[PDB]
Structure formats: C-alpha cells, structure tokens
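Visitor: This one's a deposited entry, sequence included:
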Amino acid sequence: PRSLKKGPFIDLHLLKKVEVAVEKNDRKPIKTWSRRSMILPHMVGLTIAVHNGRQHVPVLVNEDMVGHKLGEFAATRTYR
Amino acid sequence: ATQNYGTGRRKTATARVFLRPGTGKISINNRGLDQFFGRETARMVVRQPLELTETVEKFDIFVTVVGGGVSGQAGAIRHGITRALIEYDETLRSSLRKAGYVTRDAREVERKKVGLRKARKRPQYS
Amino acid sequence: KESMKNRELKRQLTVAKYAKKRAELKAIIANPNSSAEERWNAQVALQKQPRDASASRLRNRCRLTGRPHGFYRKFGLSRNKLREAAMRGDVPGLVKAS
Amino acid sequence: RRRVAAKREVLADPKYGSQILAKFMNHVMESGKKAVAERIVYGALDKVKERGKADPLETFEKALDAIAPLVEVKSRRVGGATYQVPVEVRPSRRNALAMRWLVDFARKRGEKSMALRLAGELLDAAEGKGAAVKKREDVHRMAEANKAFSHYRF
Amino acid sequence: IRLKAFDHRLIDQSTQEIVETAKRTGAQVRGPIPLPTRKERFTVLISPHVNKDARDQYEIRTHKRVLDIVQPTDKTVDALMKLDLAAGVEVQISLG
Amino acid sequence: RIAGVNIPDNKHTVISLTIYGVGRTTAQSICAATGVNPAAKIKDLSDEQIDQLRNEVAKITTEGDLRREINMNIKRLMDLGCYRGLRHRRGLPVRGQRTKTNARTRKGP
RNA sequence: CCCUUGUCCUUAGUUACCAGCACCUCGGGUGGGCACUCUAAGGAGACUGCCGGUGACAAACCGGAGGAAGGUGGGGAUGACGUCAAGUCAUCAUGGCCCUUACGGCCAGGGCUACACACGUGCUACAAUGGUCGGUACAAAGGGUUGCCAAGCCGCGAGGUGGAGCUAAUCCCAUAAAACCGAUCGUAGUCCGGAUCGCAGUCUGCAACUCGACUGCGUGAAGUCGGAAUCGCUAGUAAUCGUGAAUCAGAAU
RNA sequence: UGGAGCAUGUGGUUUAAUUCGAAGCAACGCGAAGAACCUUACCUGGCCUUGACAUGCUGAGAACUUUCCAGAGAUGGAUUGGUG
C-alpha cells in the first residue's frame, strides 16, 4: 500500500512546535517522542533525533528528502 | 410404455434415463454421446457391454449424468446401461456379472482425518 | 496480575467516549468531493481530542477466564472452556455427529 | 505370512481391444490430465506402425520374444555367503521386463514429439538390436557361479 | 411460514403443532418441505500440554421449514405461536 | 548498435525484443501498430523492419547510461548513515525479507 | 455404546426452473414440476449365514452362491492397563530466601542478524516439448443492523465517488477449469535469469520528510542421470487446479 | 543430501542495561491453548506519602463537559452549563 492519497501533513498536536519555528532562529532542535515523528516536506533543514530511549543520533538533514520514516538515522537493528 | 425412471451415478449424481426401444442411439446432457464426450479413450468402453448384449440396434438411450468434472463420470454412463434393461426383462439376467459395472465404489474421498495428510496417505517421517 | 485485566477492560467506554464525532467524521473520508481547502478541516477531526480515539488498541479474551486463542465468532469464550462447557451443557446446539 | 494378494487385470478396450496394452493408461497419463494425455496415450499406437509396414501389435507382440530373462536373482543366505536362486519362472515373472524396460528407457533418446518418444523403441521388439535386448541375454550370463544355487544351501 | 430454530428434534416436533393445529380451524396448511443438515466444520486443540496433533472436531446446525397457508386466515399460527415453543425455540412465522 | 549488444540468431523478433527487463506488454502495443511483423526474423525480413526497433532504446536509457547510474544512486546511500546503507555495506537482505542465516535467493557467499 | 441409512421411505420444494408442457432471449418470463423428480432428518443394512472336504470336527483355514454388492474393511480428548530420577513452586494451583520511599510512580533520554560456518536434510529440475499472450463445452453459496465492498465510468492489470444480493433456493472476492493441429525458427548452464539503484502515483484518516503489495520485463549468473549410503510402498494406495465468513472496519504457506 | 540457491530452528558471530525453558536419529508439538500505552521479564525519563484498582476513617463539589492551554508528550486545573 502507502500510495500518495494522504498528501499534506496537517497534524495539529504534532504541528505546533515545528512550523512555528520559522520565526525563531536556529539555535536549538525539535525534540521528538516517537519512532515516527515525521514533519512536512516544507521543513527540510531541521533536526529530528529518533526517540527510542537512551541516547540521540547524528541526523544530517540535507536538501533532498521525499519518502519514508526515520528508521534509517537511528536504525531498527543498531548492530550492538 | 417404456417411459420409465432409471439412474446412473458416479461422484455425486442423480440421473435421468429417458429410454425406449430404438437402434443403439446414445445421448447425454440434452446432447448426444459425441457432443460432450469424444476425442478420448473411454468412449467405446461403454460399448463393451453394448457389444456384450447386442443392444446397439434394439434400444434408444438417453442417460444424463452431471457433476464432478470431465471424465470422472465416464463410469456413470457405464453405471446404469442395464439398470433400464434388467427392469425390462430377465433375458440377460444371469449373463451380466462378468461385465462388472454397477459397484458404487467407496474407494473414494470420504471423511478427512486429522493428523494425516489425505484419505489414508500419511505425512513425512523417518 | 489483579490490575492487568482491569487496566484494559475499561476501553468499552473510553474508546467510544465521543463515538459520534468519530462516527460522523469517518464517512466523508471515503469521499473526494471535499475540497483542497478542506484538506485541513478533515484533519482537525479526532486525535488530540483526547487520544482514547484509535480503535487499534483493543483485544478480546475469554469471558470468565481470559484467553485470546480459541475464540470463535460465536462466543465470548475460549478453547479450554469449550471442552468443559458442553460436557456439563453450557453450549447450545453443539452435538457430535458426522 | 500367507499372501492374500489377488491379481486380476482388465483386458478390453473401445479403441484397441488388446491384452497387455489396453489398461496401460497409468504411466502415459503422467500425473496431470487425460485431455492432454489422450493424444499421447493412444496416439503412439498408430505412430509405430505409421513409419513401418506391419500393424502396431505386429512388433508389439514380439517384445516378449527377446526381452525376457530366463532366471531370477532374489538373494538368500544360510551360514556363509548370500546365494540367489535362478530358474525358469512363470511367464508373468519373466515377461514383466519385456515391455516396461523397453518402454521406460526412451528418455535418453527423445526425438520430435512426446508420443514418438513413447513409441521410440516399440518397433524394435522383433530384431532386438536396441537396448532392451542387450540386458536380456546379460541376465543369463551372470549365472555361472549361481548355476548350482537352488537346492544345496539355497 | 418460514422458521429459524435449533435442531432435528424440536423444530420437527413443533411443526407437528403448526400444520394440524391450523387445519382443524378451517383453512389448510400444506405439508412440511425438507431442508437438510447444516454442514459446518470446525477445529480445536484438546491436549493438556500443547500438541498440534491432538485436535478434535465439532459441528452445529440450524433447520428451516417452508410452510404456506393457502388462504391466509389462520390466527393459530400467531395466537398459538407461543404454543410452538416449549423451552428454546424462537419461532419465525410468515402469514401467507 | 542494432539491439544494444551482439544478438544470437534463428529465433523470434518479439523475443529479440523480449532481452531482459522493460518490454513485452509495451511491445504488445508496438508490434500491433508499427508494422514490424512477428511472422519473420531480423534477417528473414529486410533491414527496413529494424529501423524503429533500433530507435526504441536511445529514448529512455542506454547500457552505458545504465552503467552511468549503477553507482551514482549507490554513492548516495553508502556514506549517508542509513539503513539502506547499513545492509548495503553489509550484504544482507535489504527490504525486510527473511534476513539472518540461510534463505535462498538474496545474498550468496 | 461411539466415521454410524445409494441401498427402502410415507410425505416432501410459497420466489429455483422446463422430464408432462405451450413458451422462451431454448438465459426459461411463469403456472404446474409430489410422476419419465430438486442437497435425507431418520428407519429393515452386510452374515459364522448355509453347502462340500481338510482340522480332534473344533476353534479355525480354503472353495460356493445371490447375481452388473457377498464372507472377516478397531474411524481412541475420564488410553483395557502395564510401561524410560528428567519441561511450571506458572494459565486453578503450589515452598527454604526476597521488593517492601518498591517491579504502589509512570508521560520510558536506545544499547539483540560482524558471517567466521556446520547442521533436522522434507515442492520447484536438469533448457528443449522450444522460449513473452488479453481468449475455451466452462468455479460460484452463505456469515453478513458500526458488514461483505457488482456489470464499475477507473483498465494493459488497477472494479477508492457507484452501489442490483441489505438479513441471501439472489449475490460482494463473480473471473475461472491441464484438450483442440497452439504462431516463425524444430532438440542450448542460454531469446527460464533482474537481490543493493520502484523513483513515483485524487484509497484506513487530525499521525507513510534517504525502506512495501502495486509482477511493464530495458537487466546483474550459477537447474548435468543424483554415485558414499540413506527419509521410505503390497490398492484406490507412492500422485501438481482455491479456503466463504471477525472482539461484526476484506495480505493464517 | 551434494565447492553449494548465507531463514535467529538451537550450538560457533555484533552490546555501553540479559529473566526461566529439552537433556538421543522422542534436542525448531520442551511455562501459556497470542509482550498494541509498559499498574512485565530492575536501562528506565520519573516521582510517591492513601490510591485508578482490593481495602476501612474524611470531602468541597454526585456525576460529566474536563473539547482545549504548556504538551515536539498522561493529566491537575480555565473546565464554559447542571445540582444533582
């Protein structure tokens, strides 16, 4: 499945401290409490560290992103 | 007259025998014998009783069988060929046992037992 | 645990706490006649209106005993029940034949 | 260990009316369907005689004239080495390898058409210069040391 | 008259109390038309400690019956409709 | 040149067009309206039945243009810390299939 | 007393359809189909029964009828019961020590497949019956008051706005069945081959920003008589066409 | 069965937090016949001082609406009415 039926990402309990960060300068991250905290494709250039429980990860958000969840920055299996 | 009710069965049928005197004319499923049956080797196997009893010139035969598949009811034309005829007379009475064409067999797919795979076929082991 | 059956059984009311704004706003979703300006009001529907609104988090067990396997579409009971039920007679219609 | 086995082959057909080729539909209906097998089962009968002059059975009847061994090789031991017992058996026993061995050894040839493949060596049963009449006399040859194995310690 | 009930021994002994009981009152109820065994196959596991071999087997039925009052005036099929039930039959009726 | 590479002979034209990977039900729409008859070969026809069988390759991608991008998208996913490059670096099944030790057509030695 | 009624059946089909029939679009609109019938609840059913010998004639063991069927066809969750210090102080249970501002607090800031291999091995073939389609005489009934989701306009192939079956003798998966003589060239580790690079596409719905079916085949392979010796077959047996349905929202190899 | 078509099916592999399970070709039918807000197998952000829930002594206000606010994240409380 997972076709492009559900197009835009308007989710008010997950919107209201990521889109509001345009007016405020970039000196701090967007702090995440899901394995699935996706945001809009209008907000490339931010920091989302994958919530799973004990330390945060290097996420290099660069200019070209379209597809899927954040299970690649902090991977599912982490090779312990 | 000869306007009677016989039957012929193999693999869950309930048949129609529309039979009378004629000349060996054979027919099935509102069609003839050479309409649904043909280009296959079980055709003259039911002529083997029809040559045993010289009835290929003295009766007009319409026996219908349905269900199952294509050729699993080859034995159902075989089933009631003389079921419309030993009702008519006892002339071929003690001379038909050598043919062997009436036994509604139970070497079939009966109840399916759990633990095994199939009818009495067993799973793989050592 | 005394509080495992007690902490999940209460979803008979909480998942259906609104249950009407959820029933009205899950039928228009299968209709594309809603406009593109209406791709945001169809998404102020149900969630932070407190999140006992997803039906994905509910599960059944036996009625007296508490077991998820053995449940068929005709009971509220389980597989270690059905051997002990009809033999004293708790199950109607369940006879043994071919 | 009494044998309650009862043999009775049906030998009559509405197409050929043979003897040991009438009820043979078992290995020519290769686990699938009769529709596709019907042109392969009795399609070879009129393909073995369609290349020659004589009838299909003419060279089909002479298969048990050069493909049937005159001995047996069932093993048995008494207190030393295993000794088999070879002697003139009944026709049935001897004439079982005089068709099926000639028939099954046709996959190591395989020319045009599946039905020709089955009929590939059916016309060979007359002169016996094929492969089925190569193991027939071979059986006899392996019985010099087994010649006196029947009465004493056997 | 179309029915929905249990088994082979309480709906056939309740449609004995439908045909005759509405025929004596003047009109006519036709004969009982057969509607056979409901053929429903099941699977369980009956072992104390788990043994997928050790299943068992179950089945359950529902009979229906087709009766038809010819000229519809029989009140017995609705007034003595609770007479058709003894303990566990819930009678469906069809007046016509 | 004529079909990308050197082609063995004495066989179809539609299977000279279906050569492994994007095709035949496109070619079902091609050989019914172009005029290239499937009833003969690349050589049993004249040379003029091949000229639009040669033009349908240099419009999408080339075997060198396939070789051009056989590493470029791979270059994206190795050094970018991802789980498309955690098992691309490693060699495993990648798309969440039967993963750990001995399923058949995914890894090799 | 334990798969338990072609074999026999009073009576049997309010709306199936067409043996009586007119009819029909010969798909049966529709009477009538209880008789040249439409899915049986349940009921005589199959024997030590007889004859001839053999056997101590006796338990048995061979030969026989009727007559298109006459001699043996254990179908085991309180095993007939007898069996091998060994799985849970754990689905109801049940002890020599423990937490006891705690594993009564809970909105948890992520840390189980380096391949370095053996192995319980148990479909698929060996290129030849050769390599890529949209098609045959043609499956199809029930569960179905927060369900199944037509002939879909969408189609190569997608049956999301529609909705006839809405309480199913209708129907939603409603399309099918290895066959005819299947094209041109006649018998090959390849014109059977695509794992990391499907980008990108108006469907659960407040929640698919470098990974999902979506099978269009440009591409990136390895299938060679099965020998050491070993799973394993005395009769319908060794043996290649699918599951319809929820705690009432459709990927149980 | 076969250099082999590198599945957690247990023994050899990769942690900075690890709870018990068979003892043979009866070792992937070895607690329970299913770990979707952790009131689970001490990572635990974290806080207890009466209590969701099982519990006696005491309450404004019975109750809910507690939509929404910090919440990129339970709820206390604005809780708009009700006084039952």
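Guide: Received it, and whenever you're ready, just let me know what you need. Numbers count the residues shown, from 1 in each chain, chains lettered A, B, ... in the order given.

Visitor: can you give me the helices for chain F?
Guide: Here chain F has its helices, by DSSP state H, at F:27-30, F:63-68, F:72-78.

Visitor: Just put these in TSV and tack on mean neighbour count and distance to residue E:65.
Guide: The way it works is simple: take the backbone N, C-alpha and C, and place the C-beta from them, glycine included. Shown next, in TSV, are those (neighbours: other CB atoms under 10 Å in any protein chain shown; distance: least, CB to CB, whole Å):
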stretch	mean neighbour count	distance to residue E:65
helix F:27-30	14	57
helix F:63-68	10	72
helix F:72-78	11	70
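
Visitor: Now tabulate those helices in TSV and tack on distance to RNA strand H.
Guide: Output for those, formatted as TSV (distance: least, CB to the nearest atom of the strand, whole Å):
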stretch	distance to RNA strand H
helix F:27-30	28
helix F:63-68	24
helix F:72-78	19
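
Visitor: so how many other residues sit close to residue E:76?
Guide: Residues lying near residue E:76 (other CB atoms under 10 Å in any protein chain shown) number 22.

Visitor: Contact partners for it?
Guide: Neighbour list for residue E:76: E:21, E:22, E:25 [criterion: CB atoms under 8 Å, 6 or more residues apart in numbering or on different chains].

Visitor: so what's it closest to, chain neighbours aside?
Guide: What sits nearest to residue E:76 in space, not counting adjacent residues and going by CB to CB, 6 or more residues apart in numbering or on different chains, is residue E:22, at 4.3 Å.

Visitor: The one you found touches residue E:72, doesn't it?
Guide: No: taking contacts as CB atoms under 8 Å, residue E:22 lies outside contact range of residue E:72: 10.4 Å.

Visitor: between those two, which one's more packed in?
Guide: More crowded of residue E:22 and residue E:72, by other CB under 10 Å: residue E:22, with 23 against 12.

Visitor: List phi and psi for the more buried one.
Guide: Note on residue E:22: backbone dihedrals following degrees, to the nearest 10 are phi -110, psi 0.

Visitor: Distance check, it against chain F.
Guide: 67 Å (CB to the nearest CB, to the nearest Å).

Visitor: can you check residue C:97 too?
Guide: Distance from residue C:97 to chain F, by CB to the nearest CB: 44 Å.

Visitor: For the residue lying closest to that residue once chain neighbours are set aside, give me its contacts.
Guide: Once flanking residues are discounted, residue C:97 sits nearest to residue E:59: 6.4 Å by CB to CB, 6+ apart. Residues in contact with residue E:59 (CB under 8 Å, 6+ apart) are C:94, C:95, C:96, C:97, E:39, E:40, E:41, E:42.

Visitor: host element of residue E:59?
Guide: Counting by DSSP states H and E, no helix or strand carries residue E:59.

Visitor: For chain B, see how far away it is.
Guide: Taking CB to the nearest CB, one finds residue E:59 at 12 Å from chain B.

Visitor: if I look at that residue, how far off is residue C:93?
Guide: 9 Å (CB to CB, to the nearest Å).

Visitor: number of nearby residues for residue 21?
Guide: Reading this off chain A. With other CB under 10 Å as criterion, residue A:21 counts 14.

Visitor: oops, chain F please
Guide: Neighbours of residue F:21 (other CB under 10 Å): 6.

Visitor: do you know how far the residue nearest to residue E:76 is from residue E:95?
Guide: 11 Å.

Visitor: shared neighbours, these two?
Guide: Taking CB under 8 Å, 6+ apart as the contact rule, residue E:22 and residue E:95 both touch E:69, E:74, E:77.

Visitor: which among those gets closest to chain D?
Guide: residue E:69 (53.3 Å; CB to the nearest CB).

Visitor: any idea how far the spatially most central residue of chain C is from chain B?
Guide: By CA atoms, centre = their mean, chain C has its centre lying nearest to residue C:58, at 5.4 Å. Going from residue C:58 to chain B by CB to the nearest CB gives 33 Å.

Visitor: shouldn't that residue be in contact with residue C:11?
Guide: Yes: between residue C:58 and residue C:11 there is a contact under CB under 8 Å: 5.3 Å.

Visitor: Show me which residues of chain A sit near chain C.
Guide: A:7, A:8, A:10, A:11, A:12, A:13 (CB under 8 Å from any CB of the partner chain).

Visitor: ok, stretch C:66-82 near chain B or not?
Guide: No: contact of stretch C:66-82 with chain B (CB under 8 Å from any CB) is absent, the minimum separation being 15.3 Å.

Visitor: got a list of contacts for that stretch?
Guide: C:5, C:59-65, C:85, C:90-91, C:94, E:42, E:44-45, E:58.

Visitor: I'd like the contacts of residue E:76 written out as JSON lines, with distance to residue F:37 added.
Guide: Shown next, in JSON lines, are the contacts of residue E:76 (distance: CB to CB, whole Å):
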{"residue": "E:21", "distance to residue F:37": "82"}
{"residue": "E:22", "distance to residue F:37": "79"}
{"residue": "E:25", "distance to residue F:37": "84"}
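
Visitor: Let me have the residues you listed in CSV, adding distance to RNA strand G as columns.
Guide: Below are the contacts of residue E:76 laid out as CSV (distance: CB to the nearest atom of the strand, whole Å):
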residue, distance to RNA strand G
E:21, 16
E:22, 13
E:25, 18
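
Visitor: which one of those residues is nearest chain D?
Guide: For those, the nearest to chain D is residue E:22 (57.0 Å; CB to the nearest CB).

Visitor: ok, the closest one - contacts?
Guide: Residue E:22 is in contact with E:29, E:69, E:74, E:76, E:77, counting by CB under 8 Å, 6+ apart.

Visitor: With residue D:124 instead?
Guide: Contacts of residue D:124 by CB under 8 Å, 6+ apart are D:59, D:102, D:130, D:132, D:133.

Visitor: If we use 7 Å, what do you get?
Guide: D:130, D:132 (CB atoms under 7 Å, 6 or more residues apart in numbering or on different chains).

Visitor: so which strand or helix has it?
Guide: Per DSSP H and E, there is no helix or strand for residue D:124.

Visitor: Close to RNA strand H: what parts of chain C are there?
Guide: For chain C, the contact set with RNA strand H under CB under 7 Å from any atom of the strand comprises C:1-4, C:6-8, C:17-18, C:48-51, C:56-59, C:67-71, C:78-80, C:83.

Visitor: Okay, helices next: where are they in chain C?
Guide: Ranges of helices in chain C, per DSSP H, are C:5-8, C:11-14, C:21-24, C:79-85.

Visitor: Relative to chain B, which residue of chain D is the closest?
Guide: residue D:14 (1.8 Å).

Visitor: And that residue, how far from residue B:33?
Guide: Residue D:14 is 12 Å from residue B:33, by CB to CB.

Visitor: what residues does chain F put near RNA strand H?
Guide: Within chain F, the residues that sit near RNA strand H (CB under 7 Å from any atom of the strand) are F:91-93, F:98-109.

Visitor: mind redoing it with 10 Å?
Guide: Residues of chain F lying close to RNA strand H (CB under 10 Å from any atom of the strand) are F:90-94, F:96-109.

Visitor: State which one residue of chain A is found closest to chain E.
Guide: Distance from chain E to each residue of chain A (CB to the nearest CB) is smallest for residue A:77, at 30.4 Å.

Visitor: Thank you kindly, that will do.
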